[PDB]
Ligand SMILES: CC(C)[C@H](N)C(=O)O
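Only one chain comes next, encoded as structure tokens, the form deposited without the ligand.
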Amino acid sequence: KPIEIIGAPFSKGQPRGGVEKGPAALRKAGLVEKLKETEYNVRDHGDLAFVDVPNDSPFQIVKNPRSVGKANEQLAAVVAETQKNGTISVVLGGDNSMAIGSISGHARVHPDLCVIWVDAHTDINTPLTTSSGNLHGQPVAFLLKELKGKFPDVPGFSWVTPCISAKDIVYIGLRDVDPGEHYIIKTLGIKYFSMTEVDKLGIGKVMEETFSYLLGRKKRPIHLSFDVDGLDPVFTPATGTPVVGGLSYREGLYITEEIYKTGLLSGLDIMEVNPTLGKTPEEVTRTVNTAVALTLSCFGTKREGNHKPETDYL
């Protein structure tokens, strides 16, 4: 299968500059060279150039609505184009708002896809529930078909068309949810595994259940959106919103290993890696490294070892 890496150096989805440096950091750490050594064909598309919208005035509380809106429409066009050529897309964030474009362009080709969202946050705040106007916490609000018409039309997002429903998305790692958000997921009935559920069942049971829930009936493509702040701050500290009590390096790799074994991975997002939020040069390498490990794991790398087929090592 072919792989294409698409860099999205965007940070207008939140107040913390530096996230747009994520893609460069992940390459510097050799992400693309390490993927070539797997069983997949890899091509690096490069970084999209995002045009900054002049006089992008705030729409009520939301900030940079036109800049974030345009950025995502441009990304969505690239993802669909590549998805079309029969290739698995790999999106390197900046901030989580880029999830809008990524999933949108993906669904245009595979409208029957399912989303697995690993994050410490649900990011399902609408333009009216948000205490802040940062769009990195509203990504899933622009994608749900059960939320369409539940909030005004934001300047720059007219092109967006709800592509997935509450029943097509499972959350793993939740531990810092806002009131309005916890309301939306209880109301719409979204399947989720917060940290208490992981603690209760174990990572194994969790993955065994998210699959039967999504792939139980039909076998459809999988889009994995991975917010680096889903793992515990001790593992991925260089991020804008770290929260204690997260998934461990081991649990993170287990998820991806199980997702690889399905053979259905079609889309991937490595979001929120902010190289500038490292307290020490090493806290940044730690973050960059585990993110790289999570991507290599998604494409074949196992902890038990790997060896080439038809080669007699003895």
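Numbers follow the displayed sequence, beginning with 1.
Quick note: we don't show the form deposited with the ligand bound, though the next part is all about it.
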Counting only non-hydrogen atoms and a 4.5 angstroms cut-off, does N125 reach the ligand in the entry with it bound? yes
Do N134 and the ligand share at least one heavy atom pair within 4.5 Å in the entry with it bound? yes
Examine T130 and determine whether its closest non-hydrogen atom to the ligand in the entry with it bound is within 4.5 angstroms. yes
Give a yes or no for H106: in the entry with it bound, does one of its heavy atoms lie within 4.5 Å of a heavy atom belonging to the ligand? no
Per contact check vs the ligand in the entry with it bound (non-hydrogen atom within 4.5 angstroms), the hit among 72 to 80, 191 to 199, 177 to 185, 143 to 151 is 177 to 185
Under the 4.5 Å heavy atom criterion, name the residues of 229 to 246 that approach the ligand in the entry with it bound, in sequence order. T241
